[PDB]
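Only one chain is included here, represented as C-alpha cells and corresponding to the form deposited in one PDB entry.
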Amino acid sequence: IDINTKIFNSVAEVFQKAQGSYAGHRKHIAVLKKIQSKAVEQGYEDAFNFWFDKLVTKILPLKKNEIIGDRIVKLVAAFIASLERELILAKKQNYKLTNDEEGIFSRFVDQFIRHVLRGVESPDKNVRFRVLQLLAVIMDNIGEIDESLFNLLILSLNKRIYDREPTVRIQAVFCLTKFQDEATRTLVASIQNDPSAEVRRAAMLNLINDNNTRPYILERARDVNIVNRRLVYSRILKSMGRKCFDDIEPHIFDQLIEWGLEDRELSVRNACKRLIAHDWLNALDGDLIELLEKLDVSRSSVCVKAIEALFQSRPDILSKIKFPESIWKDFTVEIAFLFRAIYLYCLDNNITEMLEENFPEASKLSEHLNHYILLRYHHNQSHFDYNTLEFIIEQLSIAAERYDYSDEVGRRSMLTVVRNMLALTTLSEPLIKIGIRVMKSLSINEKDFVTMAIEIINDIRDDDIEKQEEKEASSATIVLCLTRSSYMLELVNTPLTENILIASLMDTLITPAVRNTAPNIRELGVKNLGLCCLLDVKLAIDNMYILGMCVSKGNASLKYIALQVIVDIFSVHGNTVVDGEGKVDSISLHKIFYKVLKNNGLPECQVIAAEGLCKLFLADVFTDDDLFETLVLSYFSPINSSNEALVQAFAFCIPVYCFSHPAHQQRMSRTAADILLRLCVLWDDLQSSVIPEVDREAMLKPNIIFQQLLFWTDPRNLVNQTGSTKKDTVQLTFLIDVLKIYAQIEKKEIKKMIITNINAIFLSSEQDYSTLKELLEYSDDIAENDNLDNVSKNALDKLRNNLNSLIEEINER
C-alpha cells in the first residue's frame, strides 16, 4: 500500500468516529499528533496537511446547529490548541525542541486557514457560517503568523461584518474580538448600527471595555432588545464589580441605575435590583452607608426606589439597623436619607416592632430637626455645607410629616419648629414644600392649618411694608408668599366661603400677582388663582375668560401653566363654568385648544393640551367630534412625529378612551373614517413632494394606520363585556363609512393598502342583519365595478364570501 493512502485512512478513521460523539475526543487528539509525528519523520508533512483540510471541507456545507459539524469543529479546535499548548510550556523554560515543531505548527496553521478562506464568500449561507466558525475557535491558539496572512484575515473579516446573514455577522465579531489589542472601531460601529440584536449583543459582551469604549457598552442599557438591556446589568456590571464607582462617571452612573429600576420589563428590573442588593452590597462588605455614598443621594432621584428593593432582598439586615442613641452630632446625607427611608418603610408595611423603640420620640426629633435649622439659616465649601444641611433638614422633615402624634407635647414642640422655620425669609423651596406638608399633619382641623399658614404669609408680607414705612411688598417677598400659598391651597379641600382668610389673601396679592409685569410672579399668581378656582365655582366663572387670554398671548411659561389650570377647573366643575349667562362660550375655549395643539413651536404645551383633552373626553365633559377628530390627527401627523412626549401620551389615552365605554368607541368609529382619509392625503402629499428636508418616512403608512383604527374600533376590546356587546356593529359602520370614502382616494397603492387589511374585521351571526347587507352591497359594488389588484381582489372576494355564508346563518328563522 502507498504511504499517502495510509495517511488518508488513518485521519479519515479519526474523523469518521469523532463525528459520532465527544466520547473519544481526547484519544483522537492524541492519535492525530501521533499520525502527524509519524508523517513528518517520513517526509510526508504536506500529505497530512493536505488530507486534513479536505475532510474539514466535508463538514462546511452543514447547516448551523447540525450535530455533526459541532463535533468536528470542537475536535479541530482542540487539535490546534493541544499543539499550541505543547509549544508554549516549552518556551516557558525548555528549549529548543530539536524537531522543528514550532515551524511545523506555523507551517500547518498558516496553510489550514488559507484553505478555509476559500469559502469565505461562497453563495451558500452554511459554508460561510462554518468557515467563520472554525476561525473563531482556533483564533486564540494561532500563536504567531506571517504578516500577509494577518492582512488577509482582517481584510476578509471587515467585509464579512456587513454580511447579509446575521449569523455569519456574529461569527465575524468573535473573530475580530481577538484582534482588539482597528478591530475596536468596527465593533463600536456594529453595536450601534447592526439590525440584528444578537450581533449588537455579541459586540457588546466581547468588547474591550477600556476607558474609550466603555460609553458605547453602557449605551445598550436602553437597547430596544430586552435581553441586551438585562445582560448589561447582569454580565457587564458584575464583571466590573467596584470598577463602576471608580471608572464610571457619576452622571452616567446615576442614569444607568435610574433606567434599570423603572424599566417596563420585569426581567430588566430584577437584573438591576439584584445587582445593587446582592452583588454590590457583598462587594462593599455590607456597608449600607458606603453604598449610599456611591449612589449619590444629594443629586439623585431614584435612591427611594433602590432602598426599597434592598429591604425586600435583605429583610434580615433590616432589624440590625441602629440609629444609635442621641449621637446625631454627625448626620451625613446618607444617614439622614437612611432615616427617612427606613421610617417610611416600616409605616408602609407595618413593621410594628421597629416603630416602638427604634425611632426617637416626636419631641426628641424636634430637637434634632431644629438643631439643623439654626445651624443653617440663623448664624453664618460654604455652599456645600448649606446644601447638605438643607438636605438633612429635608429628610427629617419628610419623615416628620408622618409621625405618631398622639403625644401632645411632641406635636406642639415640632409645630413651634416649623412655624419658626416657615417664617424664615431665606428658606429654599424644597424645605418650604415639606414644611407646609408637616404643618398640615399637625393641625387638628383644616381651618387651623389655614389660619397658621396665613399668619406666616402675612407676617413676611407686613415685615417688608412696615420696614419701608409705595405700600407693596418687595417683588421677592411676593414670590415667597405665593409659593407658600400654593402648597397650602393644594392641601385645602373645602369651599372658600368656609375659610374667609383665603379670600382676603387672594384679594391682596393673588390678584396683583396676576396683574404683575414679572413672568415668574405672574405664573405663580395663576397657579394660586387656579387652586382657589377649584374651591369656588363662581370664582372660576369670573376668571374663565382672563385665563383664556394668557393661553393665547402669554409666553411659553405662562401659557404652559395657564392651560393646566383650565383643564383642572373643568375636571371638577364640568361645563358649569361655560355656556351660560356671564359664562364664557365653549366655542372660544375649543378654539384655544386648537391653537395650542396645532402650534408646532412649543412642544411641551402640546403635551398638556393633548393630555388634558383626553382627561376631559374621558370624564365625558367634552363630546365634540370635530374636536375629537382633530385630537387623533395630531397623533399620526408628520409634524408631531418629532415630539417624543406627545406620541406616548396618545398611545396610552386613545386605547383607554375607546375601550372604556361603548359610546366613546362609537365616537371613534363615526369619525375615524374621515380621519384615515385626511392622513392618506397627507401621506401622498408627503411622499410626492420634493423639498430639501423630507423624511417622508416620518409618518406611518396608511396600511398600518388602517389596522390601527380597526383595532381600536374592534368591539372585542371593550373592557366591560355585557355578554350582549358581541352584537355591536361599531366596526361595521366604520368600514361602511370607509367604503363610501374609498372613491375619494386616487392612488392605487393606497387603495391596496386599505383593501389588503379589511379582513381584520370581526363578523358575528348575532350582529344586525341589515348592516351586513349594506356592507355587502358596498363591498360587491367595488369588487365588480372597478379594476382590482390580484392581491386586493382575493382579499376583497374573501370578505364578500364571509358575509354571504353569514347571510344564510341569519336568514334562517
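Numbering starts at 1 and runs along the sequence shown. In this text, the rigid core denotes the largest set of C-alpha atoms whose superposition between the two forms falls within 1.5 Å.
K.L.:
With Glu147 and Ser148 adjacent in the shown sequence, let me know how many deposited residues between them lack coordinates: none, 1 to 3, 4 to 9, or 10 or more.
P.N.:
Nothing is missing.
K.L.:
Classify the number of deposited-sequence residues missing from the model between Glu581 and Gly582: none, 1 to 3, 4 to 9, or 10 or more.
P.N.:
In the record, the chain runs straight from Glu581 to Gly582 with none unmodelled.
K.L.:
Which is higher on average in the deposited entry, the C-alpha temperature factors of 370 to 378 or of 171 to 179?
P.N.:
Between 171 to 179 and 370 to 378, it is 370 to 378 that shows the higher mean C-alpha B-factor.
K.L.:
So which stretch wins on mean C-alpha B-factor, 199 to 207 or 277 to 285?
P.N.:
Of 277 to 285 and 199 to 207, the stretch with the higher C-alpha B-factor average is 277 to 285.
K.L.:
Report the option among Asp385, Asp737, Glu262, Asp714 whose CA atom has the maximum B-factor in the deposited record.
P.N.:
So the option with the highest C-alpha B-factor is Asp385.
K.L.:
Highest recorded C-alpha temperature factor, please, choosing from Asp53, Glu766, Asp46, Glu749.
P.N.:
Result of the comparison over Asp53, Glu766, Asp46, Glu749: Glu766.
K.L.:
Among the modelled residues of its chain, does the C-alpha B-factor of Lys773 lie in the lowest, middle or highest third?
P.N.:
As the PDB entry reports it, the C-alpha B-factor of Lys773 lands in the highest third of its chain.
K.L.:
Ordered by C-alpha B-factor within the chain, which third holds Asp163? Give me lowest, middle or highest, please.
P.N.:
Within its chain, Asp163 is a lowest-third residue by C-alpha B-factor, going by the deposited values.
K.L.:
Consider only the C-alpha atoms of the modelled residues in this chain, order them by B-factor as the entry records it, and name the third containing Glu357: lowest, middle or highest.
P.N.:
CA B-factor rank for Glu357: highest third.
K.L.:
Lowest, middle or highest third: where is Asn65 by C-alpha B factor in its chain?
P.N.:
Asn65: CA B-factor falls in the middle third of its chain.
K.L.:
Taking the C-alpha B-factors as the PDB entry records them, is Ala12 in the lowest, middle or highest third of its chain?
P.N.:
Its C-alpha B-factor, which the entry lists for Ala12, ranks in the middle third among residues of this chain.
Missing here is the form deposited in another entry; even so, the following discussion is about that form.
K.L.:
I want to make sure I read this right: if the two forms are fitted on their rigid core, which of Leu152, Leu501, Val479, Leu261 has a C-alpha displacement of 2 angstroms or more between this form and the one not shown?
P.N.:
None of the others reach 2 Å, which leaves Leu152.
K.L.:
For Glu334, decide whether the Cα shift between this form and the one not shown is 2 Å or greater, given a superposition on the rigid core.
P.N.:
Comparing forms between this form and the one not shown, the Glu334 CA shifts below 2 Å.
K.L.:
Given a core-based superposition, decide whether the C-alpha of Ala172 shifts by 2 Å or more between this form and the one not shown.
P.N.:
After core superposition, the displacement of the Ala172 C-alpha between this form and the one not shown reaches the 2 Å mark, so yes.
K.L.:
With both forms fitted on the core, check whether the Cα of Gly410 differs by 2 Å or more between this form and the one not shown.
P.N.:
Result for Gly410: no, shift under 2 Å.
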